[PDB]
2 protein chains.
Amino acid sequence: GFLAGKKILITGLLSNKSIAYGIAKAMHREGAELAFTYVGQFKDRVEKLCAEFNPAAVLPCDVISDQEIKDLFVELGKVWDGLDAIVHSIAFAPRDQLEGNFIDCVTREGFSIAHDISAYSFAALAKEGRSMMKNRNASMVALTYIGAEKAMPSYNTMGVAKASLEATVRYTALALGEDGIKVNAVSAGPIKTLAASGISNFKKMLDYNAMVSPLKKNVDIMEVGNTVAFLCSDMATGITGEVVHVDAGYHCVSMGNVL
Amino acid sequence: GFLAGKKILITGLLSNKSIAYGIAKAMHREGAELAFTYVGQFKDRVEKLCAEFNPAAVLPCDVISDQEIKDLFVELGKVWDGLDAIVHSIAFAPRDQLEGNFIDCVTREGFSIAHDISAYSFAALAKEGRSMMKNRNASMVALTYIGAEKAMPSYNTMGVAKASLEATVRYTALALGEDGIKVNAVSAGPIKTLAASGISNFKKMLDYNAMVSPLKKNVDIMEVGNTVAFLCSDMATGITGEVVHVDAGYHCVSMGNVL
Ligand SMILES: NC(=O)c1ccc[n+]([C@@H]2O[C@H](COP(=O)([O-])OP(=O)(O)OC[C@H]3O[C@@H](n4cnc5c(N)ncnc54)[C@H](O)[C@@H]3O)[C@@H](O)[C@H]2O)c1
Ligand SMILES: NC(=O)c1ccc[n+]([C@@H]2O[C@H](COP(=O)([O-])OP(=O)(O)OC[C@H]3O[C@@H](n4cnc5c(N)ncnc54)[C@H](O)[C@@H]3O)[C@@H](O)[C@H]2O)c1
Ligand SMILES: COc1ccc(Cn2cnc3cc4c(cc32)CCCC4)cc1C
Ligand SMILES: COc1ccc(Cn2cnc3cc4c(cc32)CCCC4)cc1C
Ligand code: NA
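Residues numbered from 1 in each chain as written, not as in the entry; some residues may be left out. Chains lettered and ligands numbered in written order. Heavy atoms only, no water.

Deposited coordinates in this entry are attributed by the record to X-ray crystallography, at a stated resolution of 1.85 Å.

This is the structure we're talking about:
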């Protein structure tokens, strides 16, 4: 496999629908040795789910906490002498941030929390993981969404947080490139995961995507996972600071024939 | 290999330094069955170059000619029942279009030629290859350069032609997506190929790229080749109308610390 022997930390695996589950399957297929994180309450659920990937460790990490991120790498360092990649598949904004008019709904605390968990946490993992990732053609990949680039209904504070995340990815690529670490993002089309479950007309966003995209379909977690896997391989060593859309071509069209 | 059994046409192989050479190496490694084109006088040279890939066909195609493009697919259709991918790795502008001030140097005929061979030829291959590529998760990849996006010294008419090529890729992605054909471009950093030989200061452009890029290196044909290979695989079926930079991160930075 094209990731044979590479040691990769995957955050954000919550259910078998999670994007991180597709990432895990693809990476396990390609021979990677995997470790996983979970937010406190979900310990049992995640442990059971990632057991199919023969994980080297399954460790708590709530990215609101500097201490938990520090302790993640301490514990990981007890099982691994070095780290090849970190996959960031984590996002959060308070429910009230999403849906409704952006200016009606946005709040100072909501904006702050969304940025903290969805964007800062990428830099946080880079800061604490860097010493393990030095000088081994290491990789980081974050998951993002086109709401970073364009104003969209409902996505609201999360769109702003994703724009912050994409800039964080570029500045991280610059910061870590001297150590041979490449740093990229995958901008996924919508996928019905647990993140979708708060969103009333989500299925309708899916329907629109399948209608308007060049490929006339919705993407799946394997299409996303396989791309994330490629971006942590030696094949991808000339790629950094890049956002690769895995969205059936949605990003490249405007209007379409069906108005 | 991740291209096992896929039938792929590679244009633009001219020397063992060609980007198309790195593409061929990567695709051959991944189990692709390959065919190659050459322009008029270079038949023997290209035959010699691609022998190591056990090609299914090596056929003339000067993309100035609609007839030659049509007859390419007639001949390919005699060895293959369907076609999985077309790799476009072709560019030309008359010498006087490059170097010097863009407005001083640009001419009506130079502009037209550059666009005909460097951009229109992508649509021309799509038009004649479409019937062979229908409904088999087929792929097209074009090679492009950041001079499409930004004004750069010397690149001149070629930069304009690459912008045309990138729009052509997007419109082709839209036009072919209904047939399941994904259509993308790889934007490579500078590489010392035959295309570079006419350019006076080329080494200095390489030096600049290695200094300012986050990864502090120049890319090679294998880094480009492996990415083109990925974009012709079933792993990439969520990706279309995309431009992927393989340039050590050059595209994501501005200014740098060394002015
Ligand atoms: N679902 C989509 O339509 C889609 C599209 C584009 C991008 N994305 C992105 O993909 C990523 C994964 O989302 P998903 O759709 O698989 O949903 P998901 O609900 O399965 O996963 C989101 C993950 O974020 C984690 N998380 C939230 N707060 C956290 C915290 N404080 N500390 C650590 N982890 C925390 C959750 O536990 C969960 O594992 C997110 O960045 C999301 O924005 C999703
Ligand atoms: N070398 C670089 O710095 C670099 C960087 C970015 C993009 N590219 C692009 O990569 C592609 C390959 O270029 P390369 O650097 O490997 O150089 P190269 O000289 O090896 O290949 C250019 C190819 O274009 C072909 N060509 C020219 N006119 C043609 C015609 N009329 N019909 C058919 N084929 C024709 C040539 O025969 C040759 O095989 C081009 O699109 C180029 O713009 C090169
Ligand atoms: C165009 O609107 C949308 C498009 C995609 C989505 C799906 N989605 C993508 N990233 C997300 C992050 C979060 C949620 C939903 C998310 C919810 C919980 C917090 C984090 C949602 C909307 C609303
Ligand atoms: C910023 O300047 C440059 C940056 C990269 C290059 C290399 N290069 C990339 N695509 C090309 C196409 C052609 C030439 C050179 C090319 C020459 C022959 C015709 C086709 C050249 C310049 C000048
Ligand atoms: Na062989």
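Following the structure, the description resumes.
A few points about the UniProt feature "binding site: substrate" (unreviewed entry) in chain A
Residues and elements named next belong to chain A. Let me state the cut-off plainly: UniProt positions are given in the numbering used here, feature names are shortened, and annotations may be inferred rather than shown by experiment. Helix and strand assignments follow DSSP, with helices taken as H or I runs no shorter than four residues and strands as E runs no shorter than two, numbered in order from the N terminus. Each residue is placed in one exposure class: buried if its accessible area under a 1.4 Å probe, protein chains only, is under 20% of its type's maximum, exposed if it is over 50%, and partly exposed if it falls in between. Throughout, a contact is declared for two residues whenever any of their heavy atoms are within 4.5 Å.
Within this numbering scheme, the UniProt entry marks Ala93 as carrying the feature "binding site: substrate" (unreviewed entry). Looking at the element boundaries, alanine 93 is found in the loop between strand 4 (85-88) and helix 4 (102-105). Judged by its relative accessible area of 10%, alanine 93 falls in the buried class. When sequence neighbours within four positions are dropped, the list of residues in contact with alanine 93 reads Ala114 and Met158.

Considering the sheet that holds strand 7 (residues 243-246) of chain B
All names here are of chain B. The condition that has to hold: A pair of strands is labelled paired if DSSP reports no fewer than 2 bridges between them. Axis lines are fitted through C-alpha atoms, for helices just across the contact stretch, and the angle between N-to-C directions can take any value from 0 to 180 degrees.
Taken in spatial order, the 7 strands line up as 3-2-1-4-5-6-7 in an open sheet, and their pairing is parallel. Either end of the sheet is taken by a strand with one partner, and the two such strands are strand 3 (57-60) and strand 7. The average angle at which neighbouring strand axes cross in this sheet is 20 degrees, direction not considered. Relative to strand 3, strand 2 (residues 33-38) runs parallel, the two sharing 4 bridges. Each bridged residue has a counterpart across the sheet, and for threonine 37 the counterpart in strand 3 is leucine 59.

Examining the interface of chain A and chain B
Rules: Buried area adds together the accessible area that both of two parts lose upon being put together, with accessible area traced by a 1.4 Å probe. For this analysis, a polar contact is any N or O atom pair within 3.5 Å, provided that within protein one partner can donate a hydrogen and the other can accept it, and provided that sequence-adjacent residues contribute only side-chain to side-chain pairs.
Chain A puts 35 residues into the contact, and the matching count from chain B is 35 residues. Of the roughly 2600 Å² buried between chain A and chain B, counting both surfaces, carbon and sulfur atoms make up 63%. For the chain A face of the interface with chain B, the top three residues by lost area are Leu215, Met235 and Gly238 of chain A, together amounting to 21%. Our count for the contact surface shared by chain A and chain B stands at 13 residue pairs in polar contact.

Some words on the relation of the copies chain A and chain B
Applicable threshold: Least-squares superposition on the C-alpha atoms is how the copies are aligned.
Placing chain A over chain B gives an RMSD of 0.1 Å and needs a rotation angle of 180 degrees, together with 0.0 Å of translation along the axis. The superposition operator between the copies reduces to a two-fold rotation axis. Identified as the residue of chain A closest to the rotation axis by C-alpha distance is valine 244 of chain A, at 3.4 Å. Of the residues that chain A buries at the interface, 100% are likewise interface residues in chain B, meaning the two copies contact each other through the same surface.

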